[PDB]
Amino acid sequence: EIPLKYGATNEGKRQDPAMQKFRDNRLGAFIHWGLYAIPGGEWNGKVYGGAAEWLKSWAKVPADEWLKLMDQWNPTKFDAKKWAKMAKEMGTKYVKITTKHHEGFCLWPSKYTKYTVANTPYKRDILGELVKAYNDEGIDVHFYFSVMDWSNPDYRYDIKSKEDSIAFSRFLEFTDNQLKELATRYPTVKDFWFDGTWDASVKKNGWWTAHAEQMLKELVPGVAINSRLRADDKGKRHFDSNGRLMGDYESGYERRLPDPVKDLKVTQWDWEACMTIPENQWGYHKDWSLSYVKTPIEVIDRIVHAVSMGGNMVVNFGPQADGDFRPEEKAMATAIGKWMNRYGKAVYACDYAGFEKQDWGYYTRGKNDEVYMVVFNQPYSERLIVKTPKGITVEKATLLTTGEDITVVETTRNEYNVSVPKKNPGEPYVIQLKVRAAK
């Protein structure tokens, strides 16, 4: 039992209303928009296969030259109200937005650097416009923030001298200044999602991570803060040296998900996954032919997977330099929307059901103990196996969309066959169960 000044603060899950809202939302969208959208994965005639938002790094571009892209930042077609309508249509309950990515260009007019939307042809506070528009649609807004900043020469990868420590201290002050600015300018913010916190410099300054958390929580009542921010006294990240989760939720499942049989531990805390549509492109990349692009069902599978294990899912979009979305992303949002409008009662405000995973798909549990079977793999047996925990019986099954009764046959103590619907729904579908727990 190691003593710590900067380890975990919460005992278990938060149960205040703001955290309940963050959780119940379940489905979000991510927006990665920054200067990287202009070159779109291509530099000096070479198309790089790596993540477009990291092109400065793949193409070895100096800061001064990368940041000149500001001169071409003029997203003519940007319309925050349309963006918010797209998110509403998709069925997202929240949007996480890159306030500043590693490149250091700010989507709000920060008073602490010149690398902002203010000093571009477009001039306008993009972030402020998005906050307003999303909020006007009843959508919560979360702020991605990269600590690592390639634009600020006081940043250090590691502390190897008293000079390094001096510089980095001034960097942390700068960072605090931007964070306070974001929190006070945009007080409807519900979450800060930190990235670029893996460097030895940050690991060595655990105290600062804890301070940033407490500082923002004092400025924004009920605000959520991701685990990725946090390092403890010993430099251990996400979970402290006593194994306890720091921040309000776990945020390491990025383009991967916990195993539904082996990783049930994650049901013990709040957590949020994020994903990309191609294999690894967050910012806009001009050529999606270079890697596998997920289909809508593939994405819907991941979303349901997350909720079935007590987590949120956030699907990423990388808008074009002009401020519009590419057609693949429009088609995606629309397809997700269509399915969520039909089957969303099994996603929104749902959670882990505590049933043994079966091959047909995933269970989710509603606020009133509804148990939803979300079927992705249709058995040729025409029977969906349901193994119940001790003391739980299944009293009824109903096809969510039609209300039709579905036959349930008991096969053993604690197991049933739930019949597939008489007509094959032809898409991933939901059967709602009524269950009863014995006294």
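Don't overthink the numbering: it's just position in the shown sequence, from 1. What we label the rigid core is the largest C-alpha set whose atoms superpose within 1.5 Å from one form to the other.
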| property | result |
| --- | --- |
| Farther-lying stretch by C-alpha RMS in 8 other deposited structures of this protein (rigid core fit) among 250-258, 120-128 | 250-258 |
| Average Cα temperature factor in the PDB entry - higher stretch of 149-157, 273-281 | 149-157 |
| Selected stretch [higher average CA B-factor]: 209-217 or 342-350 | 209-217 |
| Selection by C-alpha B-factor (highest) of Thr412, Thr393, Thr398, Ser57 | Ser57 |
| Candidate set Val371, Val386, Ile31, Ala63 [ranked by C-alpha B-factor, highest] | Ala63 |
| Modelled-residue ranking by C-alpha temperature factor, third containing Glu427 | lowest |
| Third of the chain, ranked by Cα B-factor, where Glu328 sits | middle |
| Third of the chain, ranked by Cα B-factor, where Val266 sits | lowest |
| Where the record places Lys100 (Cα B-factor, split into thirds across the chain) | middle |
| Relative C-alpha B-factor of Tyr292, binned into the chain's lowest, middle or highest third | lowest |
